[PDB]
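Notes follow once the structure below has been shown.
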Amino acid sequence: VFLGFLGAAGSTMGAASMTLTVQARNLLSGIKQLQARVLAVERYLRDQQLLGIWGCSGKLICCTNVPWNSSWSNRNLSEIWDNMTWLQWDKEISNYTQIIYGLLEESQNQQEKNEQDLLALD
Amino acid sequence: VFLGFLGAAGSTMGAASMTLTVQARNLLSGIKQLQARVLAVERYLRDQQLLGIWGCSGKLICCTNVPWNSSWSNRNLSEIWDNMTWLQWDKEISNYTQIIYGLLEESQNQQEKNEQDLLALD
Amino acid sequence: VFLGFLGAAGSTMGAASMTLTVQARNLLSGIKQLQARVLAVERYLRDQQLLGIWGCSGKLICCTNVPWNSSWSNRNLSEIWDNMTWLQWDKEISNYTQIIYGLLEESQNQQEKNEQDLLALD
Amino acid sequence: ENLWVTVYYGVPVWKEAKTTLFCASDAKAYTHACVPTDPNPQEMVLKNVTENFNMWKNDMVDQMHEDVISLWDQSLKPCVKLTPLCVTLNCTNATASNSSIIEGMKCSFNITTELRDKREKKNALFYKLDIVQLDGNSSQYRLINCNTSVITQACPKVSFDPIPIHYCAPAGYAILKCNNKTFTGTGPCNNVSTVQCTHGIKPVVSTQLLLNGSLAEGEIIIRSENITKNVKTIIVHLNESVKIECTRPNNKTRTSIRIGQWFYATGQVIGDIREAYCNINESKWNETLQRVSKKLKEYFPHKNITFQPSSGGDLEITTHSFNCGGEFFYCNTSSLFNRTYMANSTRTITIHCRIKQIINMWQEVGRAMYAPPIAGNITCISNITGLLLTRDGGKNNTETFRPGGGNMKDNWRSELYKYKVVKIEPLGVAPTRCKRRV
Amino acid sequence: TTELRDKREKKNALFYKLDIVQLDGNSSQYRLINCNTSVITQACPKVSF
Amino acid sequence: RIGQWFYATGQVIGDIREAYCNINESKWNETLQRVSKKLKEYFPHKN
Amino acid sequence: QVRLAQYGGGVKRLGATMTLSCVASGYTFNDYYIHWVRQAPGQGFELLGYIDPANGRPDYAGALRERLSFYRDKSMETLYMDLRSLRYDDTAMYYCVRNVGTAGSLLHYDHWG
Ligand SMILES: *[C@@H]1O[C@H](CO)[C@@H](O[C@@H]2O[C@H](CO)[C@@H](O[C@@H]3O[C@H](CO)[C@@H](O)[C@H](O[C@H]4O[C@H](CO)[C@@H](O)[C@H](O)[C@@H]4O)[C@@H]3O)[C@H](O)[C@H]2NC(C)=O)[C@H](O)[C@H]1NC(C)=O
Ligand SMILES: *[C@@H]1O[C@H](CO)[C@@H](O[C@@H]2O[C@H](CO)[C@@H](O[C@@H]3O[C@H](CO)[C@@H](O)[C@H](O)[C@@H]3O)[C@H](O)[C@H]2NC(C)=O)[C@H](O)[C@H]1NC(C)=O
Ligand SMILES: *[C@@H]1O[C@H](CO)[C@@H](O[C@@H]2O[C@H](CO)[C@@H](O[C@@H]3O[C@H](CO)[C@@H](O)[C@H](O)[C@@H]3O)[C@H](O)[C@H]2NC(C)=O)[C@H](O)[C@H]1NC(C)=O
Ligand SMILES: *[C@@H]1O[C@H](CO)[C@@H](O[C@@H]2O[C@H](CO)[C@@H](O)[C@H](O)[C@H]2NC(C)=O)[C@H](O)[C@H]1NC(C)=O
Ligand SMILES: *[C@@H]1O[C@H](CO)[C@@H](O)[C@H](O)[C@H]1NC(C)=O
Ligand SMILES: *[C@@H]1O[C@H](CO)[C@@H](O)[C@H](O)[C@H]1NC(C)=O
Numbered sequence: 001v002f003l004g005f006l007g008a009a010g011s012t013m014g015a016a017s018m019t020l021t022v023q024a025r026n027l028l029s030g031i032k033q034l035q036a037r038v039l040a041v042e043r044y045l046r047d048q049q050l051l052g053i054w055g056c057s058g059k060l061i062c063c064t065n066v067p068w069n070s071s072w073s074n075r076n077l078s079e080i081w082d083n084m085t086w087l088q089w090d091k092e093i094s095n096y097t098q099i100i101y102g103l104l105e106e107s108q109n110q111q112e113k114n115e116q117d118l119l120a121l122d
Numbered sequence: 001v002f003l004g005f006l007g008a009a010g011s012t013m014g015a016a017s018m019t020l021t022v023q024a025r026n027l028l029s030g031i032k033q034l035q036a037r038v039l040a041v042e043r044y045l046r047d048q049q050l051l052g053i054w055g056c057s058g059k060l061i062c063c064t065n066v067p068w069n070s071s072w073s074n075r076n077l078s079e080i081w082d083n084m085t086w087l088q089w090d091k092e093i094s095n096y097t098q099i100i101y102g103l104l105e106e107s108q109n110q111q112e113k114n115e116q117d118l119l120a121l122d
Numbered sequence: 001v002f003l004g005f006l007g008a009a010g011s012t013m014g015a016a017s018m019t020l021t022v023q024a025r026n027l028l029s030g031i032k033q034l035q036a037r038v039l040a041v042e043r044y045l046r047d048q049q050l051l052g053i054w055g056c057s058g059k060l061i062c063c064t065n066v067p068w069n070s071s072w073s074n075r076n077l078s079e080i081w082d083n084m085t086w087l088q089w090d091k092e093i094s095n096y097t098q099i100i101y102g103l104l105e106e107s108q109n110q111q112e113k114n115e116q117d118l119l120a121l122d
Numbered sequence: 001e002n003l004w005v006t007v008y009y010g011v012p013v014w015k016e017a018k019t020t021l022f023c024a025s026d027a028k029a030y031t032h033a034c035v036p037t038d039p040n041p042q043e044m045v046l047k048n049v050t051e052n053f054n055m056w057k058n059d060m061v062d063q064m065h066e067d068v069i070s071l072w073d074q075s076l077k078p079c080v081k082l083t084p085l086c087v088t089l090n091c092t093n094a095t096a097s098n099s100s101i102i103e104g105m106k107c108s109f110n111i112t113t114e115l116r117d118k119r120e121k122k123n124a125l126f127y128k129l130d131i132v133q134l135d136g137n138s139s140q141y142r143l144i145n146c147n148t149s150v151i152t153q154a155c156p157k158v159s160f161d162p163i164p165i166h167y168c169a170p171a172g173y174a175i176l177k178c179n180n181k182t183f184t185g186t187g188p189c190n191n192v193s194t195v196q197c198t199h200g201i202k203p204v205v206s207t208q209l210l211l212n213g214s215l216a217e218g219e220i221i222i223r224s225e226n227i228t229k230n231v232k233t234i235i236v237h238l239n240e241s242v243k244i245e246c247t248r249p250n251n252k253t254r255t256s257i258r259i260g261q262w263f264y265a266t267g268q269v270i271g272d273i274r275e276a277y278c279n280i281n282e283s284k285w286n287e288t289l290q291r292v293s294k295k296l297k298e299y300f301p302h303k304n305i306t307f308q309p310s311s312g313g314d315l316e317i318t319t320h321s322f323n324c325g326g327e328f329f330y331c332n333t334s335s336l337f338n339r340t341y342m343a344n345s346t347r348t349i350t351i352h353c354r355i356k357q358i359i360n361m362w363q364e365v366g367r368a369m370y371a372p373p374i375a376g377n378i379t380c381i382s383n384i385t386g387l388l389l390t391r392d393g394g395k396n397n398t399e400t401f402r403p404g405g406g407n408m409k410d411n412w413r414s415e416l417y418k419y420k421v422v423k424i425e426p427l428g429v430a431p432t433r434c435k436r437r438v
Numbered sequence: 001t002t003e004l005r006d007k008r009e010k011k012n013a014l015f016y017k018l019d020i021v022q023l024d025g026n027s028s029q030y031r032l033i034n035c036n037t038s039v040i041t042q043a044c045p046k047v048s049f
Numbered sequence: 001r002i003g004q005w006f007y008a009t010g011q012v013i014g015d016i017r018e019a020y021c022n023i024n025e026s027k028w029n030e031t032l033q034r035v036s037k038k039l040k041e042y043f044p045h046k047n
Numbered sequence: 001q002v003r004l005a006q007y008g009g010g011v012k013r014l015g016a017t018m019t020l021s022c023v024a025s026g027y028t029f030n031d032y033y034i035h036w037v038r039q040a041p042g043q044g045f046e047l048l049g050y051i052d053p054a055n056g057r058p059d060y061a062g063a064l065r066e067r068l069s070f071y072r073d074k075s076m077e078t079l080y081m082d083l084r085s086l087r088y089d090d091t092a093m094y095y096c097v098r099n100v101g102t103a104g105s106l107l108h109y110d111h112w113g
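Protein sequence lines, in the order shown, are assigned to chains B, S, V, L, W, C and H.
Going by the numbering used here, the first sequence opens with residue 1, and the numbers climb by one from there.
Going by the numbering used here, the second sequence opens with residue 1, and the numbers climb by one from there.
Going by the numbering used here, the third sequence opens with residue 1, and the numbers climb by one from there.
Going by the numbering used here, the fourth sequence opens with residue 1, and the numbers climb by one from there.
Going by the numbering used here, the fifth sequence opens with residue 1, and the numbers climb by one from there.
Going by the numbering used here, the sixth sequence opens with residue 1, and the numbers climb by one from there.
Going by the numbering used here, the seventh sequence opens with residue 1, and the numbers climb by one from there.
Next comes the structure, spelled out in structure tokens:
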């Protein structure tokens, strides 16, 4: 399965988001060349477990807590959202993704503990 | 864990569906022989991600959209459900599995985008 | 990401269960040394699929069926829950984890089949 | 305000990085013979993708080079070693009438052969470029490399040819292919396209010019590094392919000696003797040189352009080098690079050419190969595609370009300029005005 | 025999007697200590591990 | 040369000494005393 | 660590031909271009030419292309220079120098002889 593997680039962000399954599928297929399989598996599993830790494994799009800040990319992205490719937005936000991830993970822990406490009244 | 690994065959699909955990569990255990581990991991991960792309990661049996019509298996099988023992049904429907998968994937995308659009009003 | 990796040991069940994400993240990084990657992947995948078979993949904590018995650890632990570290608890319960797992798996099958039968009326 | 964090998977965003690439072999052939599987690579043109390229910087050229070395090593590994053949040679070389060209002629020596108590006289022919003279009587000779490296005879049954190779990235990595028709080796490409695999690149092995490759889309293209004018090599890539033909008209006789590994040598030559040579479409050649001069004086504003043959260096660079099958050639290329300039098959050129058996391995010396003779007369035909030029600095008021390109990596440098490899970054975030429900 | 297999040539060098074992008869006859029992590899000087 | 370059010892330069080592006397002389004091902890009442 | 020893030189008679040499210590013989630069007394340095050790390609300054000659012996990791018909003004000191080369360009000198 191989078609338009990155053709979503260039277009608006949602229209690019229409094709996410096309990229998601790709974990496919000298004796020294065996390690490529392991590398691909490593990348896929690491991304998948990170989405699990954020409680977002079961979807391609989802929402979390910890709202946006005037810090990070101080942008009115929603109007530019119909102009610019992920390359520019990813470049912009790469300075702060590492900050954001810990907040998402701790938000998942808060959600799980609150839900467990609510269940404890069962 | 090893018991009745394929013994569910012969019986009806309904009774055979009782034992699906027994098959589902098995991803177990010269230097040239290392690649078998990688092959097993590749198989398991590819099947698991396909069920994820269909929104069916979290269940052994789940439910989805779009029907069988006169096209594909032009058949009535519910009475034959208690006569079929899978393998011949698999032979029958192998002609159209590849067609069905794309519809399943796009149906998952439609569900996700509809739910996101409903979420957008939050 | 590496900080207080096993430091939650020694403490209560509750507080020590706060750091479980810190441990969950860990699947990271002569020519003969390649097999460590495969070993780590095997461990992670086997644990993850077992949680899937118990219908508890999507959470770090969750509840199930099949209540506790005077058999297995014939113990009162809610008062010892606070002051006992996991090492002793695992040592105590290892005698019966193997028995408990089958009950958990069959409980998941019962739940999913009941849900499917309810779905069959759709 | 109230823009809650959201996450997206399957994102189209990537980054540059190195990685280990798959090779891929033809369905039919003589690790490599049967595998990897022959692909069917597709390709899309991407709408607005803008990516930069750098054909000097990219990693995969080095991987091509290493893979070529490794494959040659694996192929040569089971072949016989010619160490016992290192004995003193006592040869006078005056038997056949056309003696002077070869001057190794039944060339005598001793070998142990069948029984280790026995020692037996033999003889065979050699081209004198494979021989060095010992002191004293000139009859005393030695093999050229035997005082410095161990020589392996090529496995005749495993004759290797420039089979095309397709390179495929692994999952998570995509190969970016610039479709721009006038790309100079550096700068942005606005016509980006992507593929599963590259087209079938051949492992051509030649010097001063390349014989089998692709062709440019526009006119003849100039590619060179632009850090400083003091460049090592300048690549000129032809659009108009030009045929070259070569011959080895004399008939060879194969003879065998057993060590029970069967060593092969050159037996008595049959038929009247000619010097091996080549041919070129005369008008086409220095029509192409005129085009190249016109292109080349674009970069250099107001100075003359002139060509001369290379000076100094080994036979691999003083002459154009290539191989018709299992024989190697060194063609005295004076006539082709003697034009000068200032601010269609008639009159066929011919050029003399020599052949030698013992080849120091192309990429690096210290390991030696011996090619057994090919029986009968031989011709091969190729159609060249580019030139490897280098500029002589220092001389004020007059540029000068001469055929170089002995470093084997440059051949693949001039062909893998198309592609780049990028790591995919499927995970990304964005702000949005919706949060989780409890 | 250095490079030409028909040319055996005399050389000489120094050795510590702990690397040497005496043969029978004349004491002038010696042997390398381990050569009757194993194959000796000179250390790669450029490695210098 | 065998073209493998074998290396041997050529003629020694300068007047000859036997290779030797050095140790600060009192340091070792006291270190052995400390080690003896530690060692007779394990072993009760023997020299 | 890297060393570039030199030999030859001394007095040379007028009109004679002379030969210098440099022995490359072990770094890697084939990766670095080598240049021959000199210094007349009371004058600034100037370049004569450069020789690629791998393939042996020379290249000379325009004012001495008739008189110079470079070549190497890769097995010994050794280089040679021949200058023919010494004149009076060539009384000077002659240096080998390693060059740091990129994949497609030559940049500068780091270690002198
Ligand atoms: C294996 O054998 C080959 C030859 O079969 C051998 O290569 C030869 O090495 C010598 C030196 O090692 C080269 O000799 C040089 O020749 C040039 C002219 O051709 C001279 O200008 C040089 O003169 C300098 O060196 C002399 C001492 O040799 C000085 O006396 C003189 O004043 C100069 O300083 C020099 O003589 C010879 O050219 C090559 N042969 C070839 C064909 O290249 C190789 O070295 C041997 N292997 C090993 C490991 O030694
Ligand atoms: C690229 O260059 C190669 C040679 O460098 C060209 O391939 C060679 O083409 C000739 C015919 O033009 C082949 O000759 C035939 O080979 C067979 C097989 O051994 C032999 O039985 C015949 O009698 C005849 O000699 C030759 O095999 C082939 N390969 C080699 C290694 O020489 C090729 O033509 C060039 N590319 C293009 C597009 O022409
Ligand atoms: C490639 O072909 C050219 C011919 O076009 C070769 O050039 C010739 O090389 C010989 C070498 O001996 C030159 O001879 C010279 O003779 C003078 C006396 O007149 C002598 O002083 C020199 O030392 C030299 O021996 C000849 O002049 C020269 N011809 C031309 C037109 O330049 C060239 O050598 C060939 N190169 C290779 C690598 O085969
Ligand atoms: C292709 O090459 C030939 C050979 O050089 C050209 O004809 C000669 O060119 C030289 C100068 O390069 C003149 O001195 C000769 O008088 C020319 N004629 C002969 C018979 O040698 C020829 O002109 C070139 N073709 C084109 C189209 O430029
Ligand atoms: C180039 O042509 C000129 C014409 O006079 C000739 O003198 C010279 O020798 C030629 N050089 C080569 C290398 O053929
Ligand atoms: C130090 O060593 C000497 C050795 O001559 C010994 O006599 C002396 O007792 C040692 N020191 C002490 C404090 O005993």
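The C-beta atom is built at its ideal place from N, Cα and C for all residues, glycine as well.
When DSSP labels each residue in this structure, what does residue i get in the three-state scheme?
i, result
"residue 442 (chain L)", "Residue 442 (chain L) cannot be examined here, being either before or after the span of chain L that is shown, 1 to 438."
"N180 (chain L)", "coil"
"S241 (chain L)", "strand"
"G386 (chain L)", "strand"
"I61 (chain S)", "coil"
"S73 (chain V)", "coil"
"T97 (chain V)", "helix"
Whole-angstrom Cβ separation of residue i and residue j, contact assumed at under 8 angstroms?
i, j, result
"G104 (chain L)", "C91 (chain L)", "6 angstroms"
"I201 (chain L)", "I165 (chain L)", "5 angstroms"
"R254 (chain L)", "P373 (chain L)", "6 angstroms"
"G393 (chain L)", "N230 (chain L)", "6 angstroms"
Tell me residue i's beta-bridge partners as DSSP assigns them.
i, result
"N279 (chain L)", "L:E245 and L:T350"
"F401 (chain L)", "L:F307 and L:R391"
"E3 (chain W)", "DSSP, once it has assigned bridges, lists no residue as partnering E3 (chain W)."
"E327 (chain L)", "L:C324"
Members of the region 65 to 88 of chain S near chain V, C-beta cut-off 7 angstroms: none
Could you name the residues of the region 68 to 98 of chain H whose beta carbon sits closer than 9 angstroms to any beta carbon of chain L, in the order they occur along the chain? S69, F70, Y71, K74 and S75
Name all residues in chain order for which at least one heavy atom of ligand 5 lies closer than 7 angstroms to the residue's CB. L:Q308, L:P309, L:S334, L:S335 and L:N338
To be precise: take each residue of the region 7 to 34 of chain C, compare its Cβ to all Cβ atoms of chain W, and keep it if any distance is under 9 angstroms. Which residues remain? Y7, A8, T9, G10, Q11 and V12
Would you list, in chain order, the members of the region 101 to 122 of chain S that have their beta-carbon closer than 7 angstroms to a beta-carbon of chain B? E105, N109, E112, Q116 and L119
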